[PDB]
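Same chain, two versions here, written out as structure tokens and called structure 1 and structure 2.
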Structure 1
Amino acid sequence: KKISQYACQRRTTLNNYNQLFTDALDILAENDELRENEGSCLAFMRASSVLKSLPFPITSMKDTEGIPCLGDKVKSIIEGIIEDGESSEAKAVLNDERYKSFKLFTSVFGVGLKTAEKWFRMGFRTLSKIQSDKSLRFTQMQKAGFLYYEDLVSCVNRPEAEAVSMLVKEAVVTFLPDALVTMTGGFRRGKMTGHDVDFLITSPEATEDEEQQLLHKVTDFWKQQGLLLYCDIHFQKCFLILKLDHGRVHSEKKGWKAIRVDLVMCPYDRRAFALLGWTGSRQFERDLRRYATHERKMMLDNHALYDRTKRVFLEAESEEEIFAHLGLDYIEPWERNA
């Protein structure tokens, strides 16, 4: 059976037989500025995505026959990796003078490409020099990023994500006893680590006002308890840093860890669309929307599914119903790691 050009028509599990190729493509897709080779970041992303779906490792150029999304530029990168196990193109990005600084600066919560670039052009190369500088001005997000750096740079693991889930559920149930709280993002796709923990909160009985007030109630409750380290409030959402007591963690192993937490509140009837959107991966979501537009003349996003031919919104109480409306075989969350 031929491999679809769409990630939403492939099953992509975390059992990647092509990590040598994918890690190089991901470096090239992530570093457009630092790159010296002709090719598009979209072409690198789609090629990395198809390779992730393969049930076998590429061991020769003949293995690439019949695989879509492998352009001439991508095939030269695959060729170079087969040749000695490394990509000269990815290696040039890794050896680029700005690369190390950009990775380092953007690893701070509140620091994006614009700020990383500003600091690099000022002559900064280390966080220690940035933090101790007397002339620099930091946003409140960056101050939290620097204060809790070590904890935030350690990625969150599953026992920690689950301990956060318990905290979220206890806070949410206090104000909305009928609320459904679902962990989304990478953890829902079977990942063992993450840079943060995402949740989708919905309530079958909440009014428009109760649902607007919930995130404010929960964050105030955490502030009173001394757990809120940072807070910033399409759907209503908040980006937080929570104080997690390691005594709440059920694992094999300061007494606390700073954890980045994202909370999304959605109306009950749109829960399936928000769940689908927040589960990801980013490439899976991109392909689902591209397939819906180009193959079905449908408009899909985190809030709804609209049929442009019938001029009607399509309702769904589950992700399964969305796939069915799209004429797609159902792809389980752990199979969406495109």
Structure 2
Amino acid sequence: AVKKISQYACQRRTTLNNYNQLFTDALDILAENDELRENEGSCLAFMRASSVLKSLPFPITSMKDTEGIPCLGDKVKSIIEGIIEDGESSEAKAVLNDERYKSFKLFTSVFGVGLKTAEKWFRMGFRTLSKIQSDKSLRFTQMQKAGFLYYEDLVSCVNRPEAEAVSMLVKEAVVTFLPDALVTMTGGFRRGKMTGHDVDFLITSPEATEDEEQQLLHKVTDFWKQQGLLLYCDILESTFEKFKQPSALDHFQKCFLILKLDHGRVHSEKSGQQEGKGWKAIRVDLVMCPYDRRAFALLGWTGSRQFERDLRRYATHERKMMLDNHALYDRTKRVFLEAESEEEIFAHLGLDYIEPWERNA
């Protein structure tokens, strides 16, 4: 009954009602393992397979249900077969018991710790965070110190009442210095997610001067420092150049923060909870972009990561276009394509518009 399924996430509608979580959770574990081991192509195969299954409006209950579904190779179909058999993946279970996997997941869960540092610590014989933190020869970056100091709060995922409380704080701070500014919550929460590892925002101003737009993130973070809310701050100045071709991280001015979010600012509706210290450390990402690039930045920062990947792949292989967070370039017409909305980008790409809550690829 269902229409042909595209190999591209940007040509699929993926809502949060996942009927194939048994399969997807196992494929996500297998993808994450090849990623920490730096096997791009094998991880890529599991990510694409996981992504297609998330788009299905029904659960896979037999191998005949896998017919006509793209991105399901022989290796992926044997994993599906094993899960149909007893409800569990022996392959994912072996990864979960692997010493490298456990250590890499554990070490990279620390803010300021990436693949290189996790690898360094694993090859040194470390297996637990307790032994890393208490070691006398190791030296930590200021990001890693914050990562270890606020670890429990940061490893606890942010919920919607918390994200909304942060949105109010961001909007009140930004409107203080730029009353004409547009503040949009991006990331997972824009896609309708109930949790996240952080909260993301896109800030833009139609009438700000070059200086007002450069100074805004400094004014907002200083305002929070004065109030004692800024636990961690790292502001990356713009490396954005208007005429370079779109050919990881974008070049806009941005900041990676840890905010002290007072529980009193959260409208939780939840009762029976224990207040403890009365606040929670929340990872917050702010992006400032020039007004004319607002649609590309919004598309880039809304995600999901797989939706973004397939958008760029589709643009390259199907349209001979170059897309990133700053622009869209048409290699045939030899012209940069302008957009005032996400809808105009989809139209330029010849794609049916996919709503933010349908981008959960």
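The term rigid core refers to the maximal set of C-alpha atoms that superpose within 1.5 Å between the two forms. Residue 1 is the first residue of structure 1, and the numbers go on in sequence order from there.
Just a single entry of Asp178, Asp262, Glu117, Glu79 exceeds or equals a 2 Å CA shift between the two structures, which is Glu117 (rigid core superposed). In a rigid-core overlay of the protein, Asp63 has its C-alpha displaced by under 2 Å between the two structures.
After superposition on the rigid core, displacement of the C-alpha of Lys243 between the two structures stays below 2 Å. Relative to the superposed rigid core, the position of the CA of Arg98 differs between the two structures by 2 Å or more. Superposing the rigid core and comparing between the two structures gives a CA shift of 0.2 Å at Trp278. Once the core is aligned between the two structures, the alpha carbon position of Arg35 differs by 8.0 Å; this is the C-alpha shift at that site.
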